[PDB]
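Structure assessment
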Amino acid sequence: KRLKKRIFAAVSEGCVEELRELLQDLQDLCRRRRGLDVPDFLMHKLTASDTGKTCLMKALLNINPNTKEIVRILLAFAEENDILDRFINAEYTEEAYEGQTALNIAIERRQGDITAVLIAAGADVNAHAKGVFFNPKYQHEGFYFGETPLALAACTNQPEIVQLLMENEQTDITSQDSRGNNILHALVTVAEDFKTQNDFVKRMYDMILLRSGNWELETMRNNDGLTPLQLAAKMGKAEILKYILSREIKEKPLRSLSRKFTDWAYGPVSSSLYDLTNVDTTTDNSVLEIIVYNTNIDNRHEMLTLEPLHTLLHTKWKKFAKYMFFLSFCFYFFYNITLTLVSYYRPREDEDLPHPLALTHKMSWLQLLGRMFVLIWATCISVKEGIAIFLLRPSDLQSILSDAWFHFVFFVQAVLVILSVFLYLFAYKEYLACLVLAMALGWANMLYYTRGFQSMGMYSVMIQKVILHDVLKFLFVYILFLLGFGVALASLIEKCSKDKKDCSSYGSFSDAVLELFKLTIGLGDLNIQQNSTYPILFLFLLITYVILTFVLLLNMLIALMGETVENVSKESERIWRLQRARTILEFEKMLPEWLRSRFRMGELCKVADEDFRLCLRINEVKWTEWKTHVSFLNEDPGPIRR
Amino acid sequence: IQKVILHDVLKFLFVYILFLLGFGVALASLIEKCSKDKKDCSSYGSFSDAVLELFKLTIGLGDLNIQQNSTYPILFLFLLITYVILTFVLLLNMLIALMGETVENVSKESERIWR
Amino acid sequence: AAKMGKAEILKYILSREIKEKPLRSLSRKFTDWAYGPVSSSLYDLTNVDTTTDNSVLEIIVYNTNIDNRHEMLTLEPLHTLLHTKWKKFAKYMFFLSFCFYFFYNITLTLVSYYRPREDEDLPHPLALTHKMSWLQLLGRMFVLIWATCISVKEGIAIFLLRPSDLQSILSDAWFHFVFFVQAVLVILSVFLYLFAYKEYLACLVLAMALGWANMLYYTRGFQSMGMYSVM
Amino acid sequence: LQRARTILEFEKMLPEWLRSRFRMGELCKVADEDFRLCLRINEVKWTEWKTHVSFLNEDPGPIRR
């Protein structure tokens, strides 16, 4: 039993000749077995049976400059007893580390010279690491690299080892993970949002697709059923989407895997084509649908900045979304005018105003139009906006100053006009009292229509901002002194100075605060005349309320001025442009009937005789680094007709 | 002065009308078929009576429409105070939107136009 | 190094990794793992936590004469430890002492709102009813108990702190006065009421307003709001 | 800073049952005096990969034993 433990720390410290002695003494203990299973005898001596850790893993946790001598001796001993393949590919039977091999930990400690020895040993390069260290609580003890030694080499900046592991022919790339990930799902889920964090994931995801792999890499679905790029969309990874979605390949033999297409080259001016297969909303689960309809992403405004996304939203604005907007504005605008035209009441006089709205059995063909006209849209919104509540489970009002909260507030207005007439047929006395609440909320609904005017649309965002993030700061302090100084006035007005008995009619403490409410508005009451006990003290109390309010308004400004010269001028545009993008796709899902007027550019040539390949998009570039050009498709043409 | 009127006031005015015409509805129904008192002297209208008395809140009247009231007339001022604070935010956002990196632009943009 | 407010020399003395064999026992950081990018590390924490007398985190908070004190609590084996004691002890002990003080200031005000709305003279600031009103039996005792409790509590903070009273005027240890003023005057109300020197309410209302002015101290803990109350 | 003055006043308020402080359980220092001093965990990240001979335990996780 001491032989197993003495041989560990000799290796972990790196005792050279002491290792050779206990090796030779183990050879004496080899022949102690009569000729029986010398393989299975050494599996208990060279490996602790508790964790399954061999003697070679403890050799590879620690490292000193003896280790290169240590490894070549201990592997030669594994050669001389013919157990090498079971030995070099041994793992941990422990549940925490089911799959940690010696090749895995060698790449972690970044020893490429030892790495070539273990490949010369013929270790299993296709090993998996399905241990507990996934950890769905990712912010500790995780590092989900995707279980494979290649991606572990790919993740932790070991490109020479990646170049080494690629050249071995028994090295899979097409392997999958417990989450269904390939290797090139795994690089996406590591690449953090630090701009050029000596950035390499953009460089090494380059270095795998360009080394090998045809189009049978990026169509593989995981357990979620996603591409690399669909996974690149949902996780909000910014900069790795920029490489995957531009990707010019200025070579001959493998530019079929590219993503950009330079069409012309006429010196400075140059028309270029972007690929657009799984990007436009034309299939299920398109990546532009993923970006808009998602929470959990802070740099989403940088996601829609990239050119084969930004121009496509601007295209669908100019042909579909702008025209479908102002009609649904004006139809909602007439809906809110005509409902108000009940309360303006052009006849100005009848018996009782005996209805919220009703059709006239005798005359008033104009009133025959309008009372039907409000009732139809009232049904139309409830049919429409009940579905948006019915679909969206997680994203309701988490971002309070976002959308999918006005879908509630549209729905409240459409119910109450129906609930008006539903009350009017049963006559529960609350005819108007439900109606007027609907009529005011209809005008409050009009803030949602304040988009599309880029001057105005920036202004409406901060009105939602100040009310729900700064007013409630101000209001809870303003109540706190209101309820403070009102006490010192109510005791004056009740059991003290004033005059003979007064006409209160609601209360006494409430009388003071109501007369102190109006100081923000103006009354200048004769409570100063309804006074004694030096009534100058009343105004010296009352003036010290006003100045104390005036500071509370000033601090609200300055706290809203917290580096506001750059933030809220960018923060509003960050919300507003996104809030436009949610409107557009709702219209793009509204009529899936005749999409003859989308943009496709007519599936131009890819590489091979499969010219009519995929539907594209044109952008145009400019000066600054002239060069020669062999990359194009067509012999410097123009808007060719043929 | 030419800048603010034709590029920022019309932003502010179209939102200011939008709540003016909003909260005036909730006051006009109070003043017509509800609480107030016995019959009043309107002389122009009823919905227009509310908005005209709600116009002056930006100016000052402090009318006896609070006395021309019932149905817990504290609710009238709690309606009316929530108009004033709602206006006060609309003036604040107009400032901050005009403060959009304004420390360098409009001090240069005016000189750009004026010269 | 704590008391003199020396910033950067505290950063070396309190991280201090020693990547050697023979003398890393004098180190102050301890790297526990190394798994490529992710790495869990251990910080030493002997004379730092409040577990002995004169701990260095006690020195930093309770001190004047330091301008870069906000940079002192920025360092990681201090900042995370305050955030730890917030999440397990300080947050829960705060909102109860908020709500207990909040009911203390509502119930005192409920004398002046005066739900009966009419009696002979309002003949008392607060008094227990010998006949009825079990609800009034609760509240009048309830104000008087905390009134004793604050004076026992906040008299000690005046009794301890000699130098740092209101030197930084916009700092704490000045509200410990203003809590104490309110607790005296409610006692001084009834102490006046038994001797009948005509100033029953006139001392009471000054206590009742200052109780609401005391509520600014409770405006911490909401990081949005707590920045606003300082200015 | 004004938060930090509140917290220690509560930490001095009930010195009665401080069973629920943080200590991490006096992990190994260097020598056979393993149970040495009570500690605190923080976690670090990318940017300058290197080899490592500095650690204490054989790349474990939330170890149970």
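Whatever comes next refers back to the structure up there.
To keep things clear, this report deals only with the structure shown in the data block.

About the criteria used
- Residues numbered from 1 in each chain as written, not as in the entry; some residues may be left out.
- Chains lettered and ligands numbered in written order.
- Part of a larger assembly, values for the part shown.
- Heavy atoms only, no water.
- Helix = DSSP H or I, 4+ residues; strand = E, 2+ residues; numbered from the N terminus.
- Rg over C-alpha atoms; globule rule 2.2 N^0.38 Å.
- Buried < 20%, exposed > 50% of the residue type's maximum accessible area, 1.4 Å probe, protein only.
- Areas by Shrake-Rupley, 256 points an atom, 1.4 Å probe, with all protein chains shown as cover.
- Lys, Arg positive; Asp, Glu negative; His and termini not counted.
- Charge placed at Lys NZ, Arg CZ, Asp CG, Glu CD.
- Contact = heavy atoms within 4.5 Å.
- Axes fitted to C-alpha atoms, helices over the stretch in contact; angles between N-to-C directions.
- Parallel < 35°, antiparallel > 145°, perpendicular 65-115°, else oblique.
- Left-handed = near helix turned anticlockwise from the far one by under 90°.
- Nonpolar A, V, L, I, M, F, W, Y, C, P; charged D, E, K, R; others polar.
- Patch = residues over 30% accessible without salt bridge, like charges linked within 9 Å, V, L, I, M, F, W, Y side chains within 5 Å.
- Salt bridge = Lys/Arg side-chain N within 4 Å of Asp/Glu carboxyl O.
- Polar contact = N/O pair within 3.5 Å; in protein donor to acceptor, adjacent residues only side chain to side chain.
- Buried area = accessible area lost by both parts, 1.4 Å probe.
- Pairing = 2+ DSSP bridges.
- 1 Å grid on protein atoms, 1.4 Å probe; cavity = no way out; pocket = protein on both sides within 12 Å on 5 of 7 lines; lining within 4 Å.
- Points joined across faces, edges and corners; volume = space filled by probe spheres on them.

Quick look at the overall build of chain D now. The helix and strand inventory of chain D stands at 1 helix and 1 strand. Relative to the 2.2 N^0.38 estimate, which gives 11 Å for 65 residues, the radius of gyration of chain D is 17 Å and therefore markedly larger than a compact globule would have. C-alpha extents for chain D along the principal axes are approximately 45 × 35 × 20 Å. Residues counted as buried form 28% of the 65 residues belonging to chain D. Summed over its atoms, the accessible surface of chain D is roughly 4,800 Å², and 51% of this surface lies on carbon and sulfur atoms. Computing the positive centroid from 13 side-chain charges and the negative centroid from 11, chain D places the two 6 Å apart.

Along its length, chain C carries 8 helices and 2 strands. With respect to the three principal axes, the spread of C-alpha positions in chain C is 85 × 35 × 30 Å. A total of 231 residues make up chain C; the buried ones form 39% of that total. The contacts of chain C with a sequence gap of at least 6 include a subset with a gap of at least 24, amounting to 54%. By element, 65% of the accessible surface of chain C is carried by carbon and sulfur atoms, the whole surface being about 14,100 Å². Between the averaged position of the 22 positive side-chain charges in chain C and that of its 19 negative side-chain charges there is a distance of 5 Å.

A word on the packing of helix α21 (residues 454-494) of chain A against helix α8 (residues 223-230) of chain C. α8 of chain C packs onto α21 of chain A with a crossing angle of 55 degrees between their chain directions and a minimal axis gap of 10 Å. Relative to α8 of chain C, α21 of chain A is oriented oblique. Where α21 of chain A crosses over α8 of chain C, the handedness of that crossing is right-handed. Here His469, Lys473, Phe474, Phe476 and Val477 of chain A of α21 of chain A lie close against α8 of chain C, whose contacting residues are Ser224, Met225 and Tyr228 of chain C. Residue classes in the contact of α21 of chain A with α8 of chain C are distributed as 5 nonpolar, 2 polar and 1 charged.

Our next topic: a nonpolar patch on the surface. Residues and elements named next belong to chain A. A cluster of nonpolar side chains, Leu519, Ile528, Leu539, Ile543, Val546, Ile547 and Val551, forms an exposed patch at the surface whose accessible area comes to about 510 Å². Inspection of the secondary structure assignment puts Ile543 in helix α23 (residues 536-560). Classification of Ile543 by relative accessible area gives partly exposed; the value is 44%.

The next thing to look at is the side chain of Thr262 of chain A. All names here are of chain A. Within the secondary structure, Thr262 is located in strand β1 (residues 260-262). Using a relative accessible area of 14% as the deciding quantity, one classes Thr262 as buried. A distance of 3.0 Å separates polar atoms of two side chains, one belonging to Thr262 and the other to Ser631. Dropping the residues within four chain positions of it, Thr262 is found in contact with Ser271, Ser272, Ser631, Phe632 and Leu633.

Counting residues at the interface gives 21 residues for chain C, matched by 29 residues for chain A. Note on chain C versus chain A: buried area summed over both sides is about 2,400 Å², and carbon and sulfur give 73% of it. For the side of chain C that touches chain A, the element with the most residues is helix α7 (residues 200-213) of chain C, which contributes 4 residues. Residue composition of the side of chain C that touches chain A, grouped by class: 15 nonpolar, 4 polar and 2 charged.

The next point concerns a negative patch on the surface. All names here are of chain A. Negative charge collects at one region of the surface, where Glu17, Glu21, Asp25 and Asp28 lie side by side. Mapped onto the secondary structure, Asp25 falls in helix α2 (residues 16-30). Classification of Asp25 as partly exposed rests on a relative accessible area of 38%.

What follows covers the sheet that holds strand β2 (residues 270-274) of chain A. Residues and elements named next belong to chain A. Pairing is antiparallel in the open sheet, where 3 strands are placed in the order β1-β2-β3. Pairing within the sheet leaves two strands with one partner each, and these edge strands are β1 and β3 (617-621). Sheet twist, expressed as the mean angle between neighbouring strand axes with direction ignored, is 30 degrees.

Take the interface of chain C and chain D next. Contacts between the two partners involve 49 residues from chain C and, on the opposite side, 40 residues from chain D. Between chain C and chain D lies a buried interface of about 4,600 Å² when both sides are counted; carbon and sulfur atoms form 58% of it. For the pair chain C and chain D, the interface holds 2 salt bridges. Summed over the shared surface of chain C and chain D, the number is 14 residue pairs in polar contact. For the side of chain C that touches chain D, the secondary structure elements donating two or more residues are β1 (29-31), β2 (39-43), α2 (56-61), α4 (76-113) and α5 (134-160) of chain C. At 12 residues, α4 of chain C tops the list of elements feeding residues into the side of chain C that touches chain D. Considered class by class, the residues forming the side of chain C that touches chain D number 23 nonpolar, 14 polar and 12 charged. Sheet analysis places β2 of chain C next to strand β1 (residues 40-44) of chain D, joined by 5 bridges and oriented antiparallel. By the bridge assignment for β1 of chain D, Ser41 of chain C is matched with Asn42 of chain D.

Although it is not a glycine, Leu276 of chain A adopts a positive phi angle of roughly 60 degrees. Within the fold, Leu276 of chain A resides in the loop between β2 and α15 (287-292). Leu276 of chain A gets classed as buried once you look at its relative accessible area, which sits at 8%. Notably, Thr47 of chain D is not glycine yet its phi reads approximately 65 degrees, a positive angle. Of note, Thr47 of chain D is situated in the segment after β1. Judged by relative accessible area, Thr47 of chain D falls into the partly exposed class, the value being 47%.

Turning our eyes to something else, we now look at the pattern of salt bridges. For the structure shown, the criterion picks out 38 salt bridges over all chains. Here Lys11 of chain B ties to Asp8 of chain B by a salt bridge, and the two come within 3.8 Å at their closest N and O atoms. Of this pair, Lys11 of chain B and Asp8 of chain B are both found in helix α1 (residues 2-32), 3 residues apart, which corresponds to roughly one turn of the helix. Of the charged contacts in the structure, one is a salt bridge between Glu104 of chain B and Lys108 of chain B, with a shortest N-O distance of 3.9 Å. Taking the relative accessible area as the measure of exposure, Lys108 of chain B reaches 44% and is therefore partly exposed. Salt bridges sharing common partners tie together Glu108 and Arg109 of chain A together with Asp59 of chain D.

With that out of the way, let us pick up the layout of surface pockets. As a volume, the second largest pocket reaches approximately 1,800 Å³. Lining the second largest pocket are 49 residues, and of these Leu1, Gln2, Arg3, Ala4 and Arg5 of chain D sit closest to its centre. Listed by contribution, the elements that provide at least two residues to the lining of the second largest pocket are α3 (69-72), α4, α5, α6 (175-193) and α8 of chain C together with α1 (2-11) of chain D. Of the residues that constitute the lining of the second largest pocket, the class distribution is 21 nonpolar, 18 polar and 10 charged.

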